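Working notes for the structure below.
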Amino acid sequence: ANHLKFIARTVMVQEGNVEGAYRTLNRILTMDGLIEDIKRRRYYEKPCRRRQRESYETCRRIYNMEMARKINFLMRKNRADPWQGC
Amino acid sequence: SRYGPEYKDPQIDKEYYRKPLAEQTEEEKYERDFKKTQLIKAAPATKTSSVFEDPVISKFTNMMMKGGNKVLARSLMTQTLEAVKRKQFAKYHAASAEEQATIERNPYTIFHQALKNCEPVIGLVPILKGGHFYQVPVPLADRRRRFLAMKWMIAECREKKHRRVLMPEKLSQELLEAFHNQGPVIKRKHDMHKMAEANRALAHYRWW
Amino acid sequence: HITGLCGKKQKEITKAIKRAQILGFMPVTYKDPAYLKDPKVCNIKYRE
Amino acid sequence: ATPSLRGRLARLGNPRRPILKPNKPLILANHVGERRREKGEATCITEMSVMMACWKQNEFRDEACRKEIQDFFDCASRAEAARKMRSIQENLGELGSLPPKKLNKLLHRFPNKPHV
Amino acid sequence: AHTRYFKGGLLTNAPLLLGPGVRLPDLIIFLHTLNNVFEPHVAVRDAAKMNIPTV
Amino acid sequence: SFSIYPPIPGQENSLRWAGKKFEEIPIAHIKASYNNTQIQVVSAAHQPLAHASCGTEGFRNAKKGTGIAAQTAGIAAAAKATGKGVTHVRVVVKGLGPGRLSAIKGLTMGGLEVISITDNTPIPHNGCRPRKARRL
RNA sequence: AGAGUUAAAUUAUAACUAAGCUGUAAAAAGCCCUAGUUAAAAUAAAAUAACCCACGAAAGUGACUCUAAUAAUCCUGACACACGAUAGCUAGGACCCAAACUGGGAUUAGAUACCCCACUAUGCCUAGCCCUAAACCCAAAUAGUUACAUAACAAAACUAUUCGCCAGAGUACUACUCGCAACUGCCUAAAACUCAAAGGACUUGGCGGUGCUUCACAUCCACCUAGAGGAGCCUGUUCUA
Ligand SMILES: [Mg+2]
Ligand SMILES: [Mg+2]
Ligand SMILES: [Mg+2]
Ligand SMILES: [Mg+2]
Ligand SMILES: [Mg+2]
Ligand SMILES: [Mg+2]
Ligand SMILES: [Mg+2]
Ligand SMILES: [Mg+2]
Ligand SMILES: [Mg+2]
Ligand SMILES: [Mg+2]
Ligand SMILES: [Mg+2]
Ligand SMILES: [Mg+2]
Ligand SMILES: [Mg+2]
Ligand SMILES: [Mg+2]
Ligand SMILES: [Mg+2]
Ligand SMILES: [Mg+2]
Ligand SMILES: [Mg+2]
Ligand SMILES: [Mg+2]
Ligand SMILES: [Mg+2]
Ligand SMILES: [Mg+2]
Ligand SMILES: [Mg+2]
Ligand SMILES: [Mg+2]
Ligand SMILES: [Mg+2]
Ligand SMILES: [Mg+2]
Ligand SMILES: [Mg+2]
Ligand SMILES: [Mg+2]
Ligand SMILES: [Mg+2]
Ligand SMILES: [Mg+2]
Ligand SMILES: [Mg+2]
Ligand SMILES: [Mg+2]
Ligand SMILES: [Mg+2]
Ligand SMILES: [Mg+2]
Ligand SMILES: [Mg+2]
Ligand SMILES: [Mg+2]
Ligand SMILES: [Mg+2]
Ligand SMILES: [Mg+2]
Ligand SMILES: [Mg+2]
Ligand SMILES: [Mg+2]
Ligand SMILES: [Mg+2]
Ligand SMILES: [Mg+2]
Ligand SMILES: [Mg+2]
Ligand SMILES: [Mg+2]
Ligand SMILES: [Mg+2]
Ligand SMILES: [Mg+2]
Ligand SMILES: [Mg+2]
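Line by line, the protein sequences are chains Z, E, P, A, V and W.
Numbered per my numbering, the first sequence finishes at 109, counting up by one with no gaps.
Numbered per my numbering, the second sequence finishes at 793, counting up by one with no gaps.
Numbered per my numbering, the third sequence finishes at 86, counting up by one with no gaps.
Numbered per my numbering, the fourth sequence finishes at 1012, counting up by one with no gaps.
Numbered per my numbering, the fifth sequence finishes at 114, counting up by one with no gaps.
Numbered per my numbering, the sixth sequence finishes at 307, counting up by one with no gaps.
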């Protein structure tokens, strides 16, 4: 409120398409986890209930990165096989 | 369903077969049709290649049938097409030349124009949410609405005529009043549209 | 995962951002316009 | 980059105190999570309320506006075509990834070893 | 040579799998100690159980 | 390098819609709450030229939350603003709710022009304690 | 532990504008000294950084700056000595927000609740208490080793020196005692009686108003047709006879 207005979280339409613009916007606010925090600060969460969420989210991201990792490392052998019906 | 899935439907139209030589993808299509050894259904007895059959007339006829009588319905439809025709003659010969250019004496195009005009655009479906049934605006496919119009016509004229009043007369009346939009059929259509508007917000209840 | 700095340098960057903000060197709610066109270090692609 | 698994969990060697409390053991499971089927929206709503406007102004004479109606039925036809096409679309997957089956044979080719 | 999917009870249960009575390989030879899921191949364990030497 | 979105308060840039600088273009304040949406188009000098709500639109307690009613307040707002002679609008959306996208398309649909979209959403850096979550 | 500081938000309270605003699955109640926008201190709380893993003995500690400052040439150790989250008590301030309680509104057979609206003690500061937590990482401290080894699961298995603790289940975070700024408290802690079990893990089912996928083809919803339940009568039960 004490900062200069319209410099914060602003995107201006180009070539008159509003929809696509709002899309870029939401993509941003989501990139920074602002949407999350808004839906999250709609209500409270006690600190316990918060650390649970934290750990869960972290374990989940670890498993994710690992999974994606074994997937993409194995991506090479998904081609049509050489030795079939030996 | 004495047929397996193997049996394809009969194409009853004479004009498609009589004139094959100017169409490539269609020559290819009915060639792939009869070359495959396709078992083809016995054509229905109700449908004929006659130049005088309208499947619209066919389905309104059928929908009017009760019990096992195709005869009684074919007759009531004959008498309705007749009442509309001759009544349009009675309106034509009592009129002035301008209106002798205007008036429609064809009961067929008057029928198609009586159903095209009586057809409600959107229609409601109940949805259960939080324990309540809300009626929600639904975009409808052509055939369902066709059915809607026909059914409304039959239902109304079965229902609201007095006991001395014959069926084909009453149906001629409502056909003609539906041509000009002023009969109770389009009133039911309009109540359908009013109830379609009052609740339009709930259309966000629609998931499909 | 974006900046890609060691622990030390990230923490110093952060302490620095806060210290530049409350003393009044740098604005909190946005990047200063002047610096929007600077060189781009980070791996964020906003526009696709 | 993968979040460090060092020193996080609670074990008998650990000098520190627990960071992560795993619900289930962290092991790459042989299978992969199946495709999550997406939900539906309310389609065609725009032409719907456009035509609602059209009727509340015209005293509910359909004859007054031919255009709103036709665009509404063209939209309904676009939605039906969209539903049939989204039904036969099962070849979709993630488009640049593989459908879950092929992933699963792929992984049952190279499992992760808890044992031995 | 058996180079193929190894039916589980081959050596363990010969008489039902192979025939009413049968004589068994006196010597097994492995060109790999693995099967395509990178476990010890069954026939290691099986031969070992069946009193057969292995090279 | 064309249409970089954030036009600066410094005068380095000349871009004019209806001849006016970005700074002279009347704002549209759209509040989208879980229960409502209300649009107010105001001068650059902050004198209100239009106000339209979902509840001032003819809806009621439930359905007024819906997106239909958001584009609906959008149109009548854009018309009452149009009547006082505003061509363009730079938009600011307060709140994340059912009526955001609906009212933002709903303005352009009621014959008004959109140029800028910014988000002013209250974002506590840890100010006030929000009310308890609901199952309890 | 001090001393100072405030970024986003909120609100007093003014000025324009609009008559509605708030709220749920859905509604009422409630407020219209209301809402939007523009202005603005006080109190409170500390987005992002953090996918980090530091500090403290534990409880704890993540807005900013500075001052003070993290015991021990380092094995163990009590009922002694100093600490100890929340809530609670006493006195003096604070009060944007949240909120037990209570009062309305719905939900319901009832609803002392879940859902909404207010609003208080109470969270906040200073001094003094109270000394309890699933105070749990249910894994004692200090040296070690990966040798022997799988009850079961889970955080793989062990030596050595210790200190604390455990003799069926209830009865029992109980009755009596002692001590304590407590006097519905804390600590320490039985027995008569009753039972033949109480318990840890596990297995197969069955079930789940759990999540996910795919279906129902006269079949659940949507949709089609003709009926039943009303009438007379036929016939079968059930009561009375
Ligand atoms: Mg302000
Ligand atoms: Mg401030
Ligand atoms: Mg985060
Ligand atoms: Mg430590
Ligand atoms: Mg667990
Ligand atoms: Mg925080
Ligand atoms: Mg509870
Ligand atoms: Mg102090
Ligand atoms: Mg205010
Ligand atoms: Mg709601
Ligand atoms: Mg009221
Ligand atoms: Mg965080
Ligand atoms: Mg930590
Ligand atoms: Mg010092
Ligand atoms: Mg030390
Ligand atoms: Mg020590
Ligand atoms: Mg010691
Ligand atoms: Mg205490
Ligand atoms: Mg207290
Ligand atoms: Mg007090
Ligand atoms: Mg108070
Ligand atoms: Mg005050
Ligand atoms: Mg309050
Ligand atoms: Mg009550
Ligand atoms: Mg009940
Ligand atoms: Mg419930
Ligand atoms: Mg209050
Ligand atoms: Mg405190
Ligand atoms: Mg703890
Ligand atoms: Mg625990
Ligand atoms: Mg702990
Ligand atoms: Mg304990
Ligand atoms: Mg125990
Ligand atoms: Mg000890
Ligand atoms: Mg050893
Ligand atoms: Mg076992
Ligand atoms: Mg005992
Ligand atoms: Mg206790
Ligand atoms: Mg006691
Ligand atoms: Mg004592
Ligand atoms: Mg049925
Ligand atoms: Mg059935
Ligand atoms: Mg009956
Ligand atoms: Mg009966
Ligand atoms: Mg008897």
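C-beta atoms are modelled at their ideal positions from N, C-alpha and C, and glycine is treated no differently.
Residue i at chain V interface by Cβ criterion, 8 Å
i: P1007 of chain A; result: yes
Neighbour-count burial assignment, residue i, 16 or more Cβ in a 10 Å radius
i: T71 of chain V; result: exposed
i: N207 of chain W; result: buried
i: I60 of chain P; result: exposed
i: residue 573 of chain E; result: Any property of residue 573 of chain E remains undetermined from this structure, which presents chain E solely from 586 to 793.
i: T237 of chain W; result: buried
i: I201 of chain W; result: buried
i: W793 of chain E; result: exposed
i: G67 of chain V; result: exposed
i: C109 of chain Z; result: exposed
i: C71 of chain Z; result: exposed
i: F969 of chain A; result: buried
i: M88 of chain Z; result: exposed
Through-space distance from residue j to residue i, alpha-carbon basis
i: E600 of chain E; j: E986 of chain A; result: 39 Å
i: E38 of chain Z; j: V257 of chain W; result: 19 Å
i: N81 of chain P; j: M98 of chain Z; result: 24 Å
i: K1001 of chain A; j: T113 of chain V; result: 32 Å
i: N691 of chain E; j: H697 of chain E; result: 10 Å
i: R957 of chain A; j: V710 of chain E; result: 23 Å
i: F65 of chain V; j: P99 of chain V; result: 12 Å
i: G56 of chain Z; j: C44 of chain P; result: 23 Å
i: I707 of chain E; j: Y790 of chain E; result: 16 Å
i: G43 of chain Z; j: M64 of chain P; result: 32 Å
i: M54 of chain Z; j: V262 of chain W; result: 21 Å
i: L713 of chain E; j: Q720 of chain E; result: 9 Å
CB contact check: residue i to chain E, cutoff 8 Å
i: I923 of chain A; result: no
Below-8 Å beta-carbon distance, residue i vs any chain Z residue
i: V66 of chain P; result: yes
i: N954 of chain A; result: no
Residue-level contact to chain P via CB, residue i, 8 Å cutoff
i: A31 of chain Z; result: yes
Partners in chain Z for residue i, counting only beta-carbon separations shorter than 8 Å
i: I82 of chain P; result: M54
Contact set between residue i and chain W, taken where Cβ atoms lie within less than 7 Å
i: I941 of chain A; result: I239
i: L48 of chain Z; result: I288 and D290
i: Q37 of chain Z; result: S174
Neighbour list for residue i in chain A, Cβ cutoff strictly below 8 Å
i: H697 of chain E; result: Result: empty, since nearest Cβ-Cβ is about 17 Å, beyond 8 Å.
i: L27 of chain Z; result: Ordered by position in chain A, no residue passes the 8 Å Cβ test against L27 of chain Z, which lies about 36 Å from the chain.
8 Å Cβ cut-off: residues of chain P touching residue i
i: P177 of chain W; result: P71 and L74
Amino acids of chain E, ordered along the chain, whose beta-carbon sits closer than 7 Å to that of residue i
i: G936 of chain A; result: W792 and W793
Cross-chain neighbours of residue i in chain W, by beta carbon under 8 Å
i: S945 of chain A; result: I239, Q242 and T243
Min CB distance residue i to chain A below 8 Å
i: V81 of chain V; result: no
i: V103 of chain V; result: no
i: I51 of chain Z; result: no
Short CB-CB distance (under 8 Å) between residue i and chain W
i: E59 of chain Z; result: no
i: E68 of chain Z; result: yes
i: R64 of chain Z; result: yes
i: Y45 of chain Z; result: yes
i: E77 of chain Z; result: no
i: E42 of chain Z; result: yes
Chain-ordered chain Z contacts of residue i [CB-CB under 7 Å]
i: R85 of chain P; result: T47
Interface partners of residue i on chain A, CB under 7 Å
i: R785 of chain E; result: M944, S945 and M948
Uninterrupted alpha helix (DSSP H) stretches inside the segment 913–1001 of chain A (no shorter than 4 residues): 941–953 and 963–984
Entirely enclosed alpha helix (DSSP H) segments - the segment 200–237 of chain W, minimum 4 residues: none
Continuous alpha helix (DSSP H) assignments of at least 4 residues falling wholly in the segment 700–779 of chain E: 727–744 and 752–764
Within the segment 642–691 of chain E, ranges of the alpha helix (DSSP H) (whole runs, at least 4 residues): 656–677 and 682–687
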